[PDB]
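Engineer: So I've got this experimental structure, pasted below with the sequence.
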Amino acid sequence: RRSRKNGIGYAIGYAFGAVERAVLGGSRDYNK
């Protein structure tokens, strides 16, 4: 019964997709 809520990759993937957009626009890096 414990499966249709825990989200195997629903929540985790949700935040993952955002982490990409962060670097997509402004590259996370700066030095010399």
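Structural biologist: Alright, I've got the coordinates. Numbers count the residues shown, from 1 in each chain.
Engineer: Can you say which helix or strand has residue 31 in it?
Structural biologist: Using DSSP states H and E, residue 31 sits in no helix or strand.
Engineer: typo on my end, it should be residue 21
Structural biologist: Per DSSP H and E: helix 10-25 holds residue 21.
Engineer: How far off centre is that helix?
Structural biologist: Relative to the mean C-alpha coordinate of its chain, helix 10-25 is positioned 3 Å out (CA atoms, centre = their mean, to the nearest Å).
Engineer: cool, stretch 8-18 as well?
Structural biologist: On CA atoms, centre = their mean, the centre of stretch 8-18 falls 5 Å from the chain's centre.
Engineer: How about that stretch, which residues are buried there?
Structural biologist: Of the residues in stretch 8-18, none count as buried by neighbour count, 16 or more other CB atoms under 10 Å. (Each C-beta comes from the backbone N, C-alpha and C, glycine too.)
Engineer: Grab the CA positions of it and hand them over as PDB.
Structural biologist: Extracted in PDB, the C-alpha atoms of stretch 8-18 (Å, rounded to 0.1, in the frame of the first residue of the first chain):
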ATOM      1  CA  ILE A   8      10.000   7.100  -6.000                       C
ATOM      2  CA  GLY A   9      11.200  10.100  -8.000                       C
ATOM      3  CA  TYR A  10       8.300  12.500  -8.000                       C
ATOM      4  CA  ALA A  11       9.500  14.900  -5.200                       C
ATOM      5  CA  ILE A  12      13.200  14.100  -5.600                       C
ATOM      6  CA  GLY A  13      13.100  14.700  -9.300                       C
ATOM      7  CA  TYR A  14      11.000  17.900  -8.800                       C
ATOM      8  CA  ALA A  15      13.800  19.600  -7.000                       C
ATOM      9  CA  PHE A  16      16.400  18.100  -9.400                       C
ATOM     10  CA  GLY A  17      14.700  19.800 -12.400                       C
ATOM     11  CA  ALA A  18      15.000  23.200 -10.700                       C
END
